[PDB]
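**Student:** Protein chains in written order, with PDB author numbering: chain 1B, 1 to 223; chain 1A, 1 to 223; chain 1C, 1 to 223; chain 1E, 151 to 221; chain 1J, 1 to 86; chain 1I, 1 to 86; chain 1H, 1 to 84; chain 1F, 89 to 257. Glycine residues also receive a C-beta, built at the ideal position from the N, C-alpha and C atoms. Just dropping this structure here.
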Ligand SMILES: CCCCCCCCCCCC[N+](C)(C)[O-]
Ligand SMILES: CCCCCCCCCCCC[N+](C)(C)[O-]
Ligand SMILES: CCCCCCCCCCCC[N+](C)(C)[O-]
Ligand SMILES: CCCCCCCCCCCC[N+](C)(C)[O-]
Ligand SMILES: CCCCCCCCCCCC[N+](C)(C)[O-]
Ligand SMILES: CCCCCCCCCCCC[N+](C)(C)[O-]
Ligand SMILES: CCCCCCCCCCCC[N+](C)(C)[O-]
């Protein structure tokens, strides 16, 4: 209810919701990390993707809720009615700053700036140069620039984590082969012995608790 | 006629049902253990994933169906009366305690408490946690806090179990290899010999039956 | 709207948009390149297709937007009203040239001409030409001739890029397999070890940044 | 309804048997060469296609399916 | 019924016949080269592969025709058994 | 079907000659390095593999241009046959 | 297509080099221990396996810094060739 | 389903013993891995089951399930036998496959013992050439009983409904 166009906007947003969650939210990172852990342990079907994605979605909800609540309360407020296009548009813009400021901590400055340079109207000569002050440039780059830079930087940071997770298992896999060769049993496949060792190591390390905690700690602050 | 919101709640619930089952029910454990044992015997696609998932599903219902039926019997109860949104909320929450108790039984208190903090503490200007005496909050962790803490504990239990099942097969592999060497009948791959032996031995001892009983006796008495 | 037929045409175009985007835009290229990257890294499930496609669509938006805007600003002028069929037809035709240019820049004329001569029934569809004579064929060619040529011309380009992207990883695979043979560990599958090396290699190159930038730079130019 | 399902399945069974032969043969000759890492499907797919085309399957089949309903 | 049993049996019979000759020659070449390498002591291991590739390809050339005649006749037979009922 | 006969036979002949050259080189090197270990009465696993790798890489550096000529020729030819009827 | 040809030739060259050294170290260790078995003769199969493992591990531990730089240079070069 | 899963298991065991680990067969509908032999025997069992008229017994056991236990009486499957079910299915397949496994083992150890006299002979590579021929040859002799050995002895029958289910209301 209210302005007919505000209603249209609400319904459009709620229609695009899953693509936003899939492309501009920490869900991107958690989804990748859990699957990489499964591959590092060497399991092809355990757990199901339907279990891993469920966990990842729940964990993401905690991180994202406070922003959605703050933006909702900000718009469910009768304070004002607006005289003009410039007043309304700047009131709208000031509501998204919480999200804009979430994206800014994690996207990378140089890629963000390159995308902002990309949007400007073309010129016949190369574009007229500019430098702009921080309250736009640092504080307020446009969201249609921030969003893909975020997605890309997140993917990268995810691969990085997966790399570290692989290292100890690689160590195991080598050592076990070298010991079997020292015993001369050259023909036996070492996978049959290395796999359970890997599982033992992961449960004694309690890898799930550590991963689930530290991933949240990267975004929340808890005391 | 009925109430138009309780109708929405019914239809919504029935769409989410398979994801709840897949992420917050003992199905999580049963479906994992079987597939692990199947890999350890070294002959994939016997039994079929259809057989395994079918059995795991059936067994999960003995554990969970009484709890759902108890909840519906709690709600179909013509003697209640209410006065306010609070008095209704309390009674609806009270209806879910039967499920809440099951999740509390099978999950870690400290990981639950961690997520219980993480839902809020991004709000908080303070470090003190005593500010509510435990007796309420220890009983009433939220269900969204319980769910991922339960799933992450079920997986770990599954790995713990499967670890101990791998050991005897490993032993059998070492024995076969050592015999081939002691006979000098060197240039034969041992897997061709030992996979028949593992299969015949486990079937001749009804490993699957003992396994099924040992799994159910954590959750029910069969008698 | 001031004309019922203008309204009909506008709605029809709005209904066909996704097939035009999927068949006459750089999206064709960007969509393919990312999936080839994922294959060359040897990952099955991750990232999700809708994550990759989401990024591809965002990037293509920057490239195509200038044309859409030019055409909108051109068409919204009611500055002239039309005496006759030919005057209207020419007014419309001259509006598409901003698009027609972009297609003709990247397709390959020998196809375009081949199709032109084919949709006309001319001289029984194909006949020899003694003389070769070029007739400002750039302005003659119908969009219905240009579209397929563009599609094929750009798919091929994508395959080329994917070819180049595979080579570095192939090197890694053959190197790992050779040093394992040097150690004599003949039983062990390289994929357990070669994968993390690929991950760290791509992370150190920062392939997403270079790749995304270069793709845009093929169409635009930026300081 | 169940009678037609029965007979259609029955007809469909017969048609597999040549392609089944093709597949098991190809797999045996590859193992005879030791190329255990070759996926047979790549080689066996075109042999199936050319077999069916040489039979002219769709002619025979569409003829017989109609003649079953009229004398 | 008996038509079903007959056709299924014949399928296995044809597999056996067609595959038999290549596997025979790959066996004989394997034995001869293995013996030769004991008669003169040489520890190569690709030589069997190098020879038996030529051995198998040659008999695929020779039998290329009979292979197609057998499979055509079988396909026609089973299509008749399937459709010609009255 | 002289066209299907031709394309089918040529595919196998091409497999045989494209693959033969690397395996011949590898086998001859294998034999000579196996001999040298006998006349020296000195033994290790790795020397033959090490030399074989170099031998095959040189074989590919040399011949590979011709591999491209042969494959392009066959690639065109089969397409023209497939679309020959019209 | 000079660029494509170059990229291809370079690939093989890189494989031949980057695999070369470890096989040489393993060869030399295996040969030297082998000859050392002929004097004071005791004949044991596993000593080559025990010692060559140390050889190759130590070689990779020293040179692994080099490898990454060569690979990086190649990857950049091909990415540019492709996107130009 | 019970008669079909046994023949499918049998086919998987044979295709594993003869090598053939990288089998080609395709099946997306059930989501189960499949091999050429498994697919063949799984089809063949189905056609002989249908030709023996079993399709009547399927609707018979459906109707009996409603007469013997009713939706309104909270009919429920018995637990104790369900706990045996997987092991019975495995057992029947092994008992049926056993004749081919033993002969394929003896054929390999015979080449192993032969290799003692000619240690350069690659007995493994020889066995790969032999075993698929031996496997088909032997399966071709014991083939005809595969008709009756499934059509009756493994088919479920309506009298069994008494034990697998009970009414809890
Ligand atoms: C199989 C799921 C559908 C039917 C619901 C079964 C509910 C569990 C009943 C278990 C009764 C066990 N018993 C007799 C020992 O109490
Ligand atoms: C590695 C080769 C596997 C070949 C399996 C198929 C054998 C039949 C080939 C077709 C008939 C013979 N020929 C010469 C026309 O190819
Ligand atoms: C893999 C089975 C052996 C290869 C032959 C497969 C049948 C190909 C079609 C045969 C056609 C015979 N022809 C040319 C006379 O029609
Ligand atoms: C390179 C291995 C696969 C080659 C397959 C060639 C299929 C040829 C099919 C026709 C065979 C029968 N023929 C020659 C009479 O037509
Ligand atoms: C490291 C192995 C790489 C094998 C693939 C190399 C790329 C294909 C060869 C491209 C050049 C072909 N040639 C020599 C005809 O130009
Ligand atoms: C061990 C590498 C195996 C590669 C097999 C393909 C070899 C022929 C095609 C690549 C030729 C590369 N070359 C020589 C042009 O640089
Ligand atoms: C063959 C075993 C050793 C392979 C080492 C290859 C490392 C490639 C990744 C280089 C990364 C360089 N970096 C980022 C650590 O400086």
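With the cut-off set at 8 angstroms, would you say residue 29 (chain 1C) and residue 158 (chain 1C) are in Cβ contact?
**Tutor:** To locate residue 29 (chain 1C), count along the third chain from 1; it is residue 29. To locate residue 158 (chain 1C), count along the third chain from 1; it is residue 158. Going by C-beta atoms, residue 29 (chain 1C) is nearer than 8 angstroms to residue 158 (chain 1C).
**Student:** Among 155 (chain 1F), 211 (chain 1F), 129 (chain 1F), 171 (chain 1F), which has the Cα closest to the Cα of residue 196 (chain 1F)?
**Tutor:** Taking the eighth chain and counting its residues from 1, one reaches residue 196 (chain 1F) at position 108. Nearest option by C-alpha distance: 211 (chain 1F).
**Student:** What do you reckon, are the CB atoms on residue 170 (chain 1E) and residue 128 (chain 1F) nearer than 8 angstroms?
**Tutor:** Taking the fourth chain and counting its residues from 1, the one referred to as residue 170 (chain 1E) is at position 20. Taking the eighth chain and counting its residues from 1, the one referred to as residue 128 (chain 1F) is at position 40. Contact: yes.
**Student:** Determine the extent of the alpha helix (DSSP H) in which residue 57 (chain 1H) is found, giving its start and end residues.
**Tutor:** The sequence position of residue 57 (chain 1H) within the seventh chain is 57, counting from 1. Residues 47–83.
**Student:** Take the Cβ of residue 175 (chain 1E) as the centre, count every other Cβ of all protein chains shown within 10 Å, and call the residue buried at 16 or more, exposed below.
**Tutor:** What you label residue 175 (chain 1E) is simply residue 25 of the fourth chain in a count that begins at 1. Result: buried.
**Student:** Looking only at DSSP bridge pairs, what is residue 287 (chain 1F) linked to?
**Tutor:** The requested residue 287 (chain 1F) is not part of the displayed model; chain 1F covers only 89 to 257.
**Student:** For a test of your reading of the model: does the CB of residue 49 (chain 1J) fall under 7 angstroms from any non-hydrogen atom of ligand 2? Yes or no.
**Tutor:** Stepping through the fifth chain from its first residue, residue 49 (chain 1J) is reached at position 49. No, the Cβ of residue 49 (chain 1J) stays beyond 7 angstroms of every heavy atom of ligand 2.
**Student:** Can you tell me which of 73 (chain 1I), 41 (chain 1I), 19 (chain 1I), 81 (chain 1I) puts its alpha carbon nearest to the alpha carbon of residue 56 (chain 1I)?
**Tutor:** Here residue 56 (chain 1I) refers to the residue found at position 56 of the sixth chain. Nearest of 73 (chain 1I), 41 (chain 1I), 19 (chain 1I), 81 (chain 1I) to residue 56 (chain 1I), Cα basis: 19 (chain 1I).
**Student:** Compute the beta-carbon to beta-carbon distance between residue 217 (chain 1F) and residue 30 (chain 1J), rounded to the nearest angstrom, for a pair I have assumed lies under 8 angstroms.
**Tutor:** Translated into the one-based positions of the eighth chain, residue 217 (chain 1F) becomes position 129. Translated into the one-based positions of the fifth chain, residue 30 (chain 1J) becomes position 30. Right, the Cβ-Cβ distance comes to about 7 angstroms (below 8 angstroms), so this counts as a contact.
**Student:** Does the beta carbon of residue 189 (chain 1F) come closer than 8 angstroms to any beta carbon on chain 1J?
**Tutor:** The residue given as residue 189 (chain 1F) occupies position 101 in the eighth chain. It does not: the Cβ of residue 189 (chain 1F) has no partner Cβ on chain 1J nearer than 8 angstroms.
**Student:** Note down, one range per segment and in chain order, each alpha helix (DSSP H) of at least 4 residues found wholly within the region 134–203 of chain 1A.
**Tutor:** 134–139, 143–182
**Student:** Report yes if the C-beta of residue 25 (chain 1A) is less than 7 angstroms from at least one heavy atom of ligand 1; otherwise report no.
**Tutor:** Along the second chain, one-based indexing puts residue 25 (chain 1A) at 25. Answer for residue 25 (chain 1A): no, Cβ out of range of ligand 1.
**Student:** Cutting at 7 angstroms between CB atoms, please list the residues of its own chain near residue 42 (chain 1A), excluding the five before and the five after it.
**Tutor:** In the second chain, the residue the question calls residue 42 (chain 1A) occupies position 42. 195, 198.
**Student:** Listed from N- to C-terminal order along the chain, which residues in the region 182–196 of chain 1E have their beta-carbon within a distance smaller than 8 angstroms of any beta-carbon of chain 1F?
**Tutor:** 182, 184, 186, 187, 188, 189, 190, 191, 194
**Student:** With DSSP collapsed to three states, give me the class of residue 121 (chain 1A).
**Tutor:** Within the second chain, numbered from 1, the residue matching residue 121 (chain 1A) stands at position 121. Looking at residue 121 (chain 1A) - three-state DSSP - the assignment turns out to be helix.
**Student:** Flag residue 54 (chain 1H) as yes if its beta-carbon sits less than 8 angstroms from any beta-carbon of chain 1I, otherwise no.
**Tutor:** Your numbering for residue 54 (chain 1H) matches position 54 in the seventh chain. No, because no Cβ of chain 1I sits closer than 8 angstroms to the Cβ of residue 54 (chain 1H).
**Student:** Any heavy atom of ligand 5 closer than 7 angstroms to the Cβ of residue 67 (chain 1I)?
**Tutor:** By 1-based counting over the sixth chain, the position of residue 67 (chain 1I) is 67. At least one heavy atom of ligand 5 lies less than 7 angstroms from the C-beta of residue 67 (chain 1I).
**Student:** Under 7 angstroms: does the beta carbon of residue 200 (chain 1E) sit that close to some heavy atom of ligand 4?
**Tutor:** To locate residue 200 (chain 1E), count along the fourth chain from 1; it is residue 50. Yes - ligand 4 has a heavy atom lying nearer than 7 angstroms to the Cβ of residue 200 (chain 1E).
**Student:** What did DSSP end up calling residue 94 (chain 1A) once you bin it into helix, strand or coil?
**Tutor:** What you label residue 94 (chain 1A) is simply residue 94 of the second chain in a count that begins at 1. Three-state DSSP puts residue 94 (chain 1A) in a helix.
**Student:** The region 8–23 of chain 1H: which residues have C-beta closer than 9 angstroms to a C-beta of chain 1I, in chain order?
**Tutor:** 8, 9, 12, 13, 15, 16, 19, 20, 23
**Student:** How would you list, in chain order, the residues of chain 1F whose beta-carbon sits under 8 angstroms from the beta-carbon of residue 43 (chain 1J)?
**Tutor:** Along the fifth chain, one-based indexing puts residue 43 (chain 1J) at 43. Those within 8 angstroms of residue 43 (chain 1J) in chain 1F are 208.
**Student:** Kindly examine ligand 7 and report whether one of its heavy atoms sits closer than 7 angstroms to the Cβ of residue 40 (chain 1C).
**Tutor:** In the third chain, the residue the question calls residue 40 (chain 1C) occupies position 40. No, Cβ of residue 40 (chain 1C) sits at least 7 angstroms from all heavy atoms of ligand 7.
**Student:** Report the neighbours of residue 198 (chain 1B) on chain 1C: residues whose CB is nearer than 9 angstroms to its CB, in chain order.
**Tutor:** Indexing the first chain from 1 puts residue 198 (chain 1B) at position 198. The premise fails here: residue 198 (chain 1B) is roughly 11 angstroms from chain 1C at the closest Cβ pair, so nothing lies under 9 angstroms.
**Student:** Using DSSP with H/G/I as helix, E/B as strand and the rest coil, what is residue 66 (chain 1B)?
**Tutor:** Position 66 of the first chain, counted from the start, is the residue given in the question as residue 66 (chain 1B). The answer is helix: DSSP assigns residue 66 (chain 1B) an H, G or I state.
**Student:** Report yes or no: do three or more beta-carbon pairs, one from the region 30–41 of chain 1A and one from the region 54–61 of chain 1A, lie closer than 8 angstroms?
**Tutor:** yes
**Student:** Looking only at its own chain, which residues have a Cβ that is under 6 angstroms from the Cβ of residue 37 (chain 1F), when we skip the five neighbours before and after it?
**Tutor:** No information on residue 37 (chain 1F) is available, as it lies outside the stretch 89 to 257 that chain 1F covers here.
**Student:** Going along the chain, which residues of the region 36–53 of chain 1A sit with their C-beta nearer than 7 angstroms to a C-beta in chain 1F?
**Tutor:** 43, 44, 45, 46, 47, 48, 49, 50, 51
**Student:** May I ask you to report which of helix, strand or coil DSSP gives residue 209 (chain 1F)?
**Tutor:** Here residue 209 (chain 1F) refers to the residue found at position 121 when the eighth chain is read from its first residue. For residue 209 (chain 1F), the three-state secondary structure derived from DSSP is coil.
**Student:** Could you check how far apart the C-beta atoms of residue 203 (chain 1A) and residue 175 (chain 1F) are, in whole angstroms? I think they sit under 8 angstroms.
**Tutor:** Stepping through the second chain from its first residue, residue 203 (chain 1A) is reached at position 203. Stepping through the eighth chain from its first residue, residue 175 (chain 1F) is reached at position 87. Correct: roughly 7 angstroms between the Cβ atoms.
**Student:** Compute the minimum distance between the beta carbon of residue 6 (chain 1H) and the heavy atoms of ligand 6, and state whether it is under 7 angstroms.
**Tutor:** Residue numbering aside, residue 6 (chain 1H) sits at position 6 when the seventh chain is read from its first letter. False, no ligand heavy atom lies under 7 angstroms from that Cβ.
**Student:** For residue 13 (chain 1I), count the other beta carbons within 10 Å of its own beta carbon; 16 or more makes it buried, fewer makes it exposed. Which is it?
**Tutor:** Within the sixth chain, numbered from 1, the residue matching residue 13 (chain 1I) stands at position 13. Exposed, because fewer than 16 other Cβ atoms sit within 10 Å of the Cβ of residue 13 (chain 1I).
**Student:** Starting from residue 159 (chain 1E), find everything on chain 1F with Cβ-Cβ shorter than 8 angstroms and list it in chain order.
**Tutor:** Taking the first residue of the fourth chain as 1, we reach residue 159 (chain 1E) at position 9. Under the 8 angstroms cutoff, chain 1F gives 134, 135, 138.
**Student:** Whose C-alpha, out of 39 (chain 1I), 61 (chain 1I), 77 (chain 1I), 32 (chain 1I), is nearest the C-alpha of residue 49 (chain 1I)?
**Tutor:** Counted from its first residue, the sixth chain places residue 49 (chain 1I) at position 49. Nearest of 39 (chain 1I), 61 (chain 1I), 77 (chain 1I), 32 (chain 1I) to residue 49 (chain 1I), Cα basis: 32 (chain 1I).
**Student:** I'd like to know whether the C-beta of residue 33 (chain 1A) is nearer than 8 angstroms to at least one C-beta of chain 1F.
**Tutor:** For this step, residue 33 (chain 1A) is matched to residue 33 along the second chain. So, not an interface residue.
**Student:** Specify the secondary structure class of residue 235 (chain 1F) as computed by DSSP and reduced to three states.
**Tutor:** For the purposes of this step, residue 235 (chain 1F) is identified with residue 147 of the eighth chain, where counting begins at 1. Note: residue 235 (chain 1F) maps to coil in three-state DSSP.
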